[PDB]
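Asks: I'd like to ask you about the structure that follows.
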Amino acid sequence: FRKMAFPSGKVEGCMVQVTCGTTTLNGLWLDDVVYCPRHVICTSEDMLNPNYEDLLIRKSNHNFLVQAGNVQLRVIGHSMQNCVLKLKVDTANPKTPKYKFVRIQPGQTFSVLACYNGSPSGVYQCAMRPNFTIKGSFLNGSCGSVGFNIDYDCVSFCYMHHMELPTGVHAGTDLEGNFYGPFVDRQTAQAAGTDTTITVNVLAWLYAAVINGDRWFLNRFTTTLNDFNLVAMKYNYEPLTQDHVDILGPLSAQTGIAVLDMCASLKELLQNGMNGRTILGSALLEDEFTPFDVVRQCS
Ligand SMILES: *C(=N)Cn1c(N2CC3(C2)CC(F)(F)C3)c(-c2ccc(F)c(Cl)c2)c(=O)n(-c2cncc(Cl)c2)c1=O
């Protein structure tokens, strides 16, 4: 059992390099618009507290260089939308996939295509944490890398990378330029909230373990939503709702294991630990697989 990303080809053909003066980062080219982080218009002296509006007045169309590999795009308009710039270009991307922009909820997963200088370098699976950070793997130059899901033909873009916080976790926006959580595109102290564990995801992963033949943690007990939620609170797990129970319905049905029974098994794991045993080759409880992801990789 492994985190698996979506095939990246459809997004790879959308990545470009954006340069404003001496500042370069990655952009996303869809139809005749390139999307990128607005901090492309900054220099180092700006970063403690940029006035983006004032910085952008000194910028004309020709001050943005956009390159799609070799293909050299002509910028014919620009605007700022929240924390992204939209550069209108003369040429529609011929490789534009069917796509949508979506603002995800905490707990939801997506693939990241990490890019440097407009070139794709790696793909991996990630999650929006409850505190609205993502635990990405990004180096300097990665801004403008995107997070997405692929449903049949359609690319659903949900994340654009902006910044690494001092703690080494990552913050960024939806493709409308609104940050997830309370983060801002300046270099101030921005402490994260409690990184709580995504309970419904852990349950989904326990079901995937049963589907794949790891069953040692199935115990004799059941519990109630309220009693389980006391336990979740003590262990900094998200509260489980009836909605969560409902979305676990297919996995429950497939395995014959009532969601509240699986809850009682999780309770025991939280209270007693894993006593040196593994689940799906992991020595901790994994929370970055959704119910939806589990179905994908199991059947
Ligand atoms: C991303 N392509 C470059 N970079 C930044 N940058 C780029 C600048 C801000 C320096 C500049 F030229 F003036 C504009 C940041 C960053 C730092 C502070 C801040 F408020 C923002 Cl909005 C961004 C950054 O964090 N990273 C980054 C991203 N992911 C991982 C790492 Cl190790 C660094 C970055 O590459």
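Using the numbering of Swiss-Prot, the residues shown for chain A are 3266-3564, in order.
Positions of Cβ are set from backbone N, Cα and C atoms, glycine also.
Dumping what Swiss-Prot says about this protein:
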type     : residues : note
CROSSLNK : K3268    : ubiquitin cross-link
ACT_SITE : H3304    : active site, for 3CL-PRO activity
CROSSLNK : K3353    : ubiquitin cross-link
ACT_SITE : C3408    : active site, for 3CL-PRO activity
Asks: Can you go through the recorded positions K3268, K3353, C3408 and pick out those with a C-beta less than 6 angstroms from ligand 1?
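Replies: Near the molecule: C3408.
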Asks: My understanding is the cutoff is Cβ-Cβ under 8 Å with a sequence separation of 6 or more in the same chain; which residues meet that for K3268 (ubiquitin cross-link)?
Replies: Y3389, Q3390, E3553, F3554
Asks: About how far apart, in whole Å, are the alpha carbons (Cα) of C3408 (active site, for 3CL-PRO activity) and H3304 (active site, for 3CL-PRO activity)?
Replies: 9
Asks: Measure from the Cβ of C3408 (active site, for 3CL-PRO activity) and count the other Cβ atoms within 10 Å, all protein chains considered.
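Replies: Taking all protein chains shown, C3408 (active site, for 3CL-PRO activity) has 25 Cβ neighbours within 10 Å.
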Asks: Counting across all protein chains present, how many other Cβ atoms fall within 10 Å of the Cβ of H3304 (active site, for 3CL-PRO activity)?
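Replies: If we count other Cβ atoms within 10 Å of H3304 (active site, for 3CL-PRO activity), we arrive at 25.
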Asks: Just to be sure I understand the packing, how many Cβ atoms besides its own are within 10 Å of the Cβ of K3353 (ubiquitin cross-link)?
Replies: 16
Asks: From the Cα of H3304 (active site, for 3CL-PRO activity) across to the Cα of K3353 (ubiquitin cross-link), what is the distance in angstrom?
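Replies: Cα-Cα distance, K3353 (ubiquitin cross-link) to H3304 (active site, for 3CL-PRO activity): 17 Å.
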